[PDB]
Amino acid sequence: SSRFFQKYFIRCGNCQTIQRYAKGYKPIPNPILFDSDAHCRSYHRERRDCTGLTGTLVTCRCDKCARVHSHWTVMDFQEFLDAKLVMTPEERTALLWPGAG
Amino acid sequence: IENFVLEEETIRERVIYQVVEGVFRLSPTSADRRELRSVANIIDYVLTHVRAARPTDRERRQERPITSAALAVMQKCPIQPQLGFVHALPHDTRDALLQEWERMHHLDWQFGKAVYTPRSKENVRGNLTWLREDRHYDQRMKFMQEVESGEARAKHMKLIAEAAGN
Amino acid sequence: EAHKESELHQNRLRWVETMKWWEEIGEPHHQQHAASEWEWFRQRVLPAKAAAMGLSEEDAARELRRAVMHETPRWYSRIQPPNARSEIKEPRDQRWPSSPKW
Amino acid sequence: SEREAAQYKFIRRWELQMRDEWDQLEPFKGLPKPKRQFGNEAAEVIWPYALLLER
Amino acid sequence: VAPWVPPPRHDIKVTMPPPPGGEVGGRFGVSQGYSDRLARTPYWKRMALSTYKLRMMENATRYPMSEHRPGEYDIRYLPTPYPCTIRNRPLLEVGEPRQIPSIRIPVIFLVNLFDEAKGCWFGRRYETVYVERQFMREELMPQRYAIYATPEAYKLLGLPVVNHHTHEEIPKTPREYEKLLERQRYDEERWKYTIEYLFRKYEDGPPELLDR
Amino acid sequence: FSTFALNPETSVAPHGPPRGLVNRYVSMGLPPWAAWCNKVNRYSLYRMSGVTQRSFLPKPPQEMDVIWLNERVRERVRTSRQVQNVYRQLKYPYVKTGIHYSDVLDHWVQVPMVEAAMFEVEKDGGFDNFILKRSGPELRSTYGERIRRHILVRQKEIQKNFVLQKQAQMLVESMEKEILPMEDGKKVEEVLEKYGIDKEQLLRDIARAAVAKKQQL
Amino acid sequence: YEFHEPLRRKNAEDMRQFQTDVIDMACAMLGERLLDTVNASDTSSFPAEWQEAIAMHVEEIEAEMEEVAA
Amino acid sequence: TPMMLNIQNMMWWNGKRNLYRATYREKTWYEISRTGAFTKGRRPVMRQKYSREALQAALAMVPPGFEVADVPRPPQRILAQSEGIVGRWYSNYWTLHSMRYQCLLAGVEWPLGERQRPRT
Amino acid sequence: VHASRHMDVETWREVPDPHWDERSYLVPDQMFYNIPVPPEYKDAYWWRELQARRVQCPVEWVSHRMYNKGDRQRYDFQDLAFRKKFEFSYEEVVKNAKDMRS
Amino acid sequence: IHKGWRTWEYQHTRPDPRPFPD
Amino acid sequence: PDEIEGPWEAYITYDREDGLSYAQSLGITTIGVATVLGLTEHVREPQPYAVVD
């Protein structure tokens, strides 16, 4: 965990600003010093991470209010595109990341 | 104090004549005097005929009319009850004595079974149904405040206006 | 209840030692400590942050403490912070400079 | 048997916190020690990593 | 035998077939919805009953996400029309040992509750307290003293609504739980993590500059 | 698999395809168990890819009496330390007796659930909200439908009671405006029969409303 | 009809004792509100007969409370 | 269960059938097993090809303030398909990029953004 | 039918509410055609909704619809209703392909 | 099924039951 | 046929007996591409009691 890269769109729950969060490559624990209990639960959590962070409490930091909190709400991109495309361009400036006009 | 007297021939003969015909003037049958053989039998006999001596609700509703003014004031409430609901709860066909048996124990509430006793007033705190529906009543009250004030008219008219403008 | 046995007895006696220490004089003090320092926070710090963070004196208290988590011995997360620097893994059995195996 | 030992260790901890035997610096053995000085008390205080991520 | 075979479930729209049953709700396992009304109706009677505004609104394609069943993937797109396993997960895997550290629950109090045994307040009115699970369900809950911390529970009592994310992450290991606990108490008691609370010993100069 | 002591997270694995046999099946999206497979043909790969989910309920769902929301009886393949034999066995969820105070009806209910069901009944806001959130086929337990019917009937009588007391409020507000002034002893009883209230019971709960407030004090 | 009529009948009686219960709760609320106007505010109560009877019923109820307490 | 005990209970064989099983499979294990058909490797997922003034109209029905980079490529589990040009076709990943390819061939200017590769 | 209905208090009959009949959920059965039920109560009837939509035999009798390919594509399998989908005649197919000039 | 029969060499057709129905 | 767009009709069932007068009292000439042509009472042959019984 985690073998593949993935992009998420998360909403800051206190101020309701949408920022994007990425998950990159971290390697498997060594196959030569073998631990079944590590590898297997790492596998299940890997599958979980791949699906919308289902069982994971998300912890990050707001850029628009700078603090680290786990209030974050993970949005599938259709809910994102529903949220984004109905917005006036001046509140894209407040709620969304730079540009994204 | 706990004295449960089991009768006989003679003591039945005098006790029934002294108690239930002397004090309560109650009339036994032959089958009655067949079944009167405890103190529990005599007491629930008297209790049964006394509770049968009390007027039913049909007699109480014809001594007590509900006056037109009262029912008119009840009519002008924004909410009247739904009041079909009793027909939705499941009825099961079984013995009555096993039903006696299961609330003799605690078995009556377990396996999805529950017993229904119609209440009148409730516990209002920590009652989550109660709170949501009285919140609902609050916004219906402020809604009718908005209607009587007349902004409802204006909102709808400006909806029609912006529909015509588009 | 064996007493003539040494470490079977004096260790569970050490246990009852420890757990009659707590609920009499320890626990009320811990709870009172937790109460007293929130009481310290709200009349000294909080009047500053109500002005700072932009809230009232009340709703800042609901914001800074959203919930009450008081610590009882069966709930505690950690005894002490995890080590800053973790010691370095040498090769397998004191081989130098490296080992082929794991 | 982990839970009760855990309890034991917590009560023990609070006891030493009432009686001043508790060393808060043990995770920090490998680090050099900051200036003991009248303004530098910002150094000896154990900083959460989160508000360091914040500022 | 069945007089009156029931209609397809979600078939409200004129020119496009209903979503596959079991996605709307029902028995799972087919990837295409079908309705005999929409099929038997001639193409021209479909187009006659529509417009190029409405047609493009029900031609709309939400790709992997499903509309009627939120947050999961749409079943037709999945290889096997049955729903996704991972969001529908059981708590314990086949080889997973059960070690679940006791978890404690955010709970809203309805009355001021004082503990006689410990001589302290269980909780004040409308104060959210993390309590034991059995202590909550077995005692506080059957009495009316307290209810759960759900956001709609904050909504109903007229409190400003906050989410505690109760059991969003359920720890399957004890250290996982102390991680959970640590981020939790970083969130709920955050007054702990302000710099004035770090500095309790210095609200003044250093402690050696004092009097006896 | 990285032999480096420090591994900060990278966008794409920096050293190319990850080496080792396990990373093969990891990159394929298969479980780590596959390094122990001798039969690698299409059917075994399909079998352990996990897309098909093989597991079952003890009884058919119409006949399911306990709340198994997601716990399917699964099966596990294990191996002895005499490794030449390989044995599999069925695994069942830990079904715990749910004793929950139901909120809408004032009383407890003991309806068996699983562990997940209890964590989730805590998450939901209580037993009643949990039973109502699920619908239909979502709860396969008959017991569930029974207490659900009781919950709905009970909810509607909660609403009925609320409505009732609102009626009461309108009545007393309406007649108080009449009896707010002292007036006369006789005049009051006219109001007592204009709406139809019995005088003696009024005296009785006037006397009980009394008894009630000084009793607490 | 043999099936359906005993139903609408039950709904009818339910509405009936709904009205009845409304009237009785009207009695109760009259109780506490007139109590509130008599004890909190002043200068006004009903007839001496009403007051005496109320007092007697209150005393009897209190006696019942003392008996049911032990 | 006999499947655990490995009995071949097929109905053509003895007449029995395995008790815990679905009675309908719209695609059996072999055609679930073939991921080449399901996933999009080396395979075209949009089968109609639009003229220039068709492509321009299709691009004209995209709402402004839309980036291509907001549409993540779906995983392998999700079938790769394109419903053509429907309403909200730009939400479909494969439709978006197939259209992008036709717009590259036909020499149509591409109004939307292009896919970004985020790096550490 | 008698659930959740307002009473008209003159006649003490039910009020024939016009909103009742659009919220109503039609529960099928054999010796009645369909039975209107209020929606909130629909959730206990989930099984005989699945028995009505089911094919009315053992599935073994109709199983031949399943095995050949042409009958997988032409037949409906949703919750086990084996029933012919809509399918064109040949003359239709010819004149549908002819006026497209293909 | 201590030993699996070779079932892959048969095309799928139901044999007639040997105690044949009259 | 998509260029025709003939006179769609809408049957609008108000739960009261005044729906017509209210519909005119709303005063709607156009919802802005539609231009509603006319409002009139749809005359129904009155249904017997047997339909709701």
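Observations, loosely collected:
Order of writing sets the chain letters: A, B, C, D, E, F, G, H, I, J and K. Residues in each chain are counted from 1.
The rule is short, and it goes like this: a contact is a pair of C-beta atoms (placed from the backbone, for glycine too) under 8 Å apart; a residue touches a chain by one contact, two chains touch by 3 or more.
Counting contacting C-beta pairs between every two chains, the top pair is B-F. Averaged C-alpha coordinates give centres for subunit H and subunit J that are 41 Å from one another. Our note on geometry: subunit D versus subunit J, Cα centroid distance of 75 Å, whole angstroms. Distance from the subunit C centre to the subunit D centre is 10 Å, each centre being the mean of its Cα atoms. As a whole-number value, the distance joining the C-alpha centres of subunit J and subunit K reads 69 Å. Along subunit C, residues 74 each make contact with two or more other chains. Contact of a single residue of subunit A with at least two other chains is seen at positions 5, 22, 24, 30, 36, 40, 50, 68, 77-78.
Across the assembly, subunit E contributes 26-27, 29-30, 62-64, 79-80, 84, 89, 95, 147, 153, 170, 186-187 as residues in contact with two or more other chains. The list of touching chain pairs reads A-C, A-D, A-E, A-F, A-H, B-E, B-F, B-G, B-I, B-K, C-D, C-E, D-E, E-F, E-H, E-I, E-K, F-G, F-H, F-I, G-I, H-I, H-J, I-K. The touching residues of subunit J, counted against subunit H in their complex, run 1, 4-5, 7, 10, 12-14.
If you check the complex, the residues on subunit D that touch subunit A are 50-51, 53-55. On the subunit D side of its complex with subunit C, the touching residues are 3, 6-15, 18, 24, 26-28, 30-31, 46.
Within the complex formed with subunit E, the residues of subunit B that make contact are 123, 125-126, 128, 131-132, 135. Contacts from subunit B toward subunit G in the complex involve residues 57, 61, 64, 66, 70-71, 74, 81, 83-84, 86-87, 120-121.
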